[PDB]
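We use all heavy atoms of the structure for the numbers below, so side chains are in, but hydrogens, waters and symmetry mates are not. Letters go in sequence order (proteins before strands), and every chain restarts at 1.
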Amino acid sequence: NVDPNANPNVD
Amino acid sequence: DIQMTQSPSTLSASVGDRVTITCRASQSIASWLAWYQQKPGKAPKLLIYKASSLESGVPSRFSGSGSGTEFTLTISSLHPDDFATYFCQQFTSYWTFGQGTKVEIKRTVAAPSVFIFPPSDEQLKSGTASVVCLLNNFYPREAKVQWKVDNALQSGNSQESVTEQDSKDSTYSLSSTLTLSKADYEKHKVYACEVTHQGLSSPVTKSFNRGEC
Amino acid sequence: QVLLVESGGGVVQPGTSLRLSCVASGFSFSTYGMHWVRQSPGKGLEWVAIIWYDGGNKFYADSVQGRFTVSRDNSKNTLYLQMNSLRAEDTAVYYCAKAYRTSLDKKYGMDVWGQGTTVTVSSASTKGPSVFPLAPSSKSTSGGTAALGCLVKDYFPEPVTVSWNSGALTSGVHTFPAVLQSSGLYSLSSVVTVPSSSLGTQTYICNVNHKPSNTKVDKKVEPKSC
């Protein structure tokens with residue numbers, strides 16, 4: 001569902 | 001699928017020089033470009049993030065520019081600590097790196113001292129023969145090392161090893177090892193390495209006769 | 001200060017499984033994505049895997065897809081890389097790296113890497129080195145200095161430590177990087193430049209230690225009469 005380059009941290 | 005290619009692969013410069021390194025992306029990556037520094041035996045270190053933003057602690061002499069497919073890393077005045085390999089990295093579509101650009105110390109041309117060692121009596125008893133040619137303390141790093149057995153050019157039976165550039169005098173050293181079977185080695189007389197280098201006005205041969213050492 | 005410590009690397013045969021660990025400190029591990037990156041002479045820098053802060057989303061490079069799995073245990077502050085069906089082309093230094101801090105950006109790289117752990121995949125078996133002298137002579141001198149050394153030949157795996165006169169001699173020593181021969185074995189040479197006048201009155205012994213084979217050899221290097 002996500003872009004692998006998207007924010008991988010808590011948000 | 002985004003290929004990063006840098007240029008040049010090797011850059012020779014002096015302390016105080018202004019140097020520039022270019023990185024090219026096979027497709028547009030906007031500003032999603034990172035510059036890394038790495039010295040031998042150490043992990044890569046992030047210097048510039050998002051094309052132009054220096055990380056904390058990076059001296060102001062470093063800077064980066066570019067957007068899209070063409071990127072540049074610049075060191076306004078080269079510092080002794082800056083000689084290393086530099087990698088670019090895109091982080092928009094997975095993560096892929098360039099092949100690196102080594103920034104190397106540029107000193108005056110230094111011709112190598114050439115030395116040759118015959119095989120030991122111990123090794124010859126075992127059944128093989130190793131002849132070693134030693135090129136010591138030269139610059140630049142490019143050198144031609146040609147083994148000749150009775151003037152017959154050898155091919156595919158030698159190996160080379162080059163040190164890192166010396167931190168003090170900025171020279172390289174190189175060792176070439178020719179190996180044959182005992183029975184092949186005993187068939188011939190004159191073993192020699194021919195060395196071609198920028199500091200040698202003409203190739204320099206060191207040789208010896210089998211059995212006369 | 002961010003600290004990442006890889007571990008678990010080693011020398012293994014192809015077709016085996018190996019699991020690397022990365023222990024983090026100096027930052028909130030459970031709130032950051034983490035990366036695995038490897039580096040080899042043949043392939044350069046290769047991204048391997050990423051795992052989200054909570055261990056959910058995982059993405060892998062094509063070259064490791066189906067063979068490697070990434071995982072994490074936030075209670076232990078550890079990142080893991082399970083490798084299966086290892087091949088020789090998997091040989092590399094494997095680094096662990098923390099994702100860049102949260103901002104308004106929609107794309108994210110990495111900022112801090114660990115020191116690295118080496119994974120060597122090879123079908124070669126452990127073998128001690130043979131140590132042969134490189135005898136000084138008139139063909140290894142120029143202008144008052146003479147070169148001598150030792151040939152550390154046909155051993156596996158890395159590394160070997162080489163000292164001279166039990167470590168008492170440290171100047172003029174050049175220990176060359178080992179070359180991987182096509183046999184699967186390594187070889188290296190260690191040389192030292194000494195005064196020509198000393199060869200008659202000074203003894204030179206190279207000391208080689210190869211821990212994987214519990215091998216240690218002392219080889220006296222004597223001049224040749226030529």
Side-chain angles (χ1 to χ4, degrees), chain B residues 1 4 29-34 36 38 41-46 49-50 55 87 89-100 113-124 126 128 130 132 134 136-137 159-164 166 173-177 179 206-209 212-213, chain C residues 4 35 37 39 44-47 50 59 61-62 93 95 97 100 103 105-116 130-143 145-149 151 153-154 174-182 187-189 191 193 219 221 224-226:
Chain B
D1 289 9
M4 313 295 292
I29 61 177
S31 293
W32 308 116
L33 193 281
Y36 282 87
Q38 181 179 41
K42 298 281 187 293
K45 179 189 299 186
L46 180 64
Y49 192 69
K50 207 176 181 177
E55 291 292 281
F87 297 97
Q89 177 213 74
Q90 63 89 11
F91 50 101
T92 177
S93 176
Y94 280 147
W95 300 264
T96 56
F97 302 80
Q99 84 283 2
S113 302
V114 185
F115 305 125
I116 185 168
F117 305 90
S120 70
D121 284 337
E122 179 188 341
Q123 184 191 9
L124 286 170
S126 60
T128 61
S130 288
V132 170
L134 175 60
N136 209 60
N137 281 50
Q159 273 170 337
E160 287 188 1
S161 187
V162 193
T163 66
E164 300 278 357
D166 193 76
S173 290
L174 173 141
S175 78
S176 178
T177 301
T179 73
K206 287 300 189 75
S207 62
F208 66 89
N209 293 334
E212 298 175 21
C213 292
Chain C
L4 299 159
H35 286 267
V37 180
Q39 185 181 25
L45 282 164
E46 264 191 310
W47 169 78
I50 187 189
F59 296 97
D62 288 18
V93 180
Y95 302 91
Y100 210 91
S103 81
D105 296 352
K106 304 312 171 203
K107 305 288 188 171
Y108 287 79
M110 321 144 193
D111 66 334
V112 181
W113 301 28
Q115 294 70 225
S130 289
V131 183
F132 304 116
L134 294 164
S137 78
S138 77
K139 293 155 188 316
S140 73
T141 72
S142 76
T145 84
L148 62 107
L151 180 59
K153 189 169 166 299
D154 292 342
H174 269 302
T175 304
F176 286 88
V179 308
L180 179 55
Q181 309 173 142
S182 62
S187 292
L188 70 77
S189 276
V191 300
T193 49
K219 186 60 62 169
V221 184
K224 273 196 171 190
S225 305
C226 73

Region of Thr96(B) that comes under 4.5 Å of a non-hydrogen atom in chain C: neither
- request: Rounded to the nearest 0.5 Å, what's the gap from CD1 on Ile29(B) to CD on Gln90(B)? Could you check?
  value: 6.0 Å
field: Interchain contact, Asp1(B) with chain C, by part (heavy-atom threshold 4.5 Å)
entry: neither
- prompt: Quick check, are the ring centers of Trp32(B) and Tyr108(C) under 6.0 angstrom apart?
  reply: no
Interface moiety of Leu148(C) toward chain B, non-hydrogen atoms closer than 4.5 Å: backbone
- prompt: Are side-chain N/O atoms of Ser130(C) and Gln123(B) paired as donor and acceptor at under 3.5 Å?
  reply: no
message: Between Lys106(C) and chain B, with a heavy-atom cut-off of 4.5 Å, which part of the residue counts as in contact: side chain, backbone, both or neither?
response: backbone
- prompt: Does a side chain donor of either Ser175(B) or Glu160(B) reach within less than 3.5 Å of an acceptor in the other side chain?
  reply: no
query: Can you tell if the side chain of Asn136(B) reaches within under 4.5 Å of the side chain of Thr193(C), non-hydrogen atoms only?
result: yes
query: Which bit of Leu4(C) comes within less than 4.5 Å of chain B, counting heavy atoms only: side chain, backbone, both or neither?
result: neither
field: Residue pair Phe208(B) / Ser137(C), side-chain heavy-atom distance below 4.5 Å
entry: no
- request: Would you please indicate if the ring centroids of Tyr49(B) and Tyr100(C) are separated by under 6.0 Å?
  value: yes
- prompt: With chain C, which of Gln99(B), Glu212(B), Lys50(B) has the greatest number of heavy-atom pairs at distances under 4.5 Å?
  reply: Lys50(B)
task: Please determine, among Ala97(C), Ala135(C), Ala61(C), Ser189(C), the option with the most heavy-atom pairs under 4.5 Å with chain B.
output: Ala135(C)
query: Side chain, backbone, both or neither: which part of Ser113(B) has a non-hydrogen atom closer than 4.5 Å to chain C?
result: side chain
message: Less than 4.0 angstrom from a charged side-chain N to a carboxylate O is my criterion; do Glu55(B) and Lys45(B) meet it?
response: no
statement: Turns out that what part of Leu151(C) lies under 4.5 Å from chain B's heavy atoms comes down to side chain
- prompt: Where does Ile116(B) contact chain C at under 4.5 Å (heavy atoms): side chain, backbone, both or neither?
  reply: both
task: Could you tell me which portion of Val93(C) (side chain, backbone, both or neither) has an atom closer than 4.5 angstrom to a non-hydrogen atom of chain B?
output: neither
task: Measure distances from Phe176(C) to the heavy atoms of chain B and classify the residue's part below 4.5 Å as side chain, backbone, both or neither.
output: both
task: Tell me, for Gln89(B) versus chain C, whether the close heavy atoms (under 4.5 Å) come from the side chain, the backbone, both or neither.
output: side chain
- prompt: Using non-hydrogen atoms only, which part of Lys224(C) is less than 4.5 Å away from chain B: side chain, backbone, both, or neither?
  reply: side chain
field: Contact class of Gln39(C) relative to chain B, heavy atoms under 4.5 angstrom
entry: side chain
query: Non-hydrogen atoms of chain B under 4.5 Å away: do they reach the side chain of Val131(C), the backbone, both or neither?
result: backbone
